[PDB]
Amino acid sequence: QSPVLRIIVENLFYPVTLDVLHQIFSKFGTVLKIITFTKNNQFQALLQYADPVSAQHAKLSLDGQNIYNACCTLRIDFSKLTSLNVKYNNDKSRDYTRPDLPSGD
């Protein structure tokens, strides 16, 4: 069981920030790190919980759910990554356990 989830937000008709993902996923556990990126022309993210069960719970509860009315559908799967490496704290990545990280470069 992996504590890291791979997330794709489809039908992105309104901006979804890293902080909004933190808000939504924090309901199911302690979010340690989040990194967002664009691939295959889709907004995606990797999110790490402290507990693999929290990841499982979030996937069951949130997969296929819209973040906002009529848009921003979450597609969630487990990642084989056992943890995440975050270099910076900014709009694209965040390590909630390391407030000392630079925002870039």
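Start at 1 with the first residue shown and count on from there.
In this entry, 72-80 has the higher mean Cα B-factor, the comparison being between 28-36 and 72-80. Mean C-alpha B-factor is higher over 37-45 than over the other stretch, the pair under comparison being 37-45 and 57-65. Split the chain's modelled residues into thirds by C-alpha temperature factor. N90 is in the lowest one.
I7: CA B factor in the middle third of modelled residues in this chain (values from the PDB entry).
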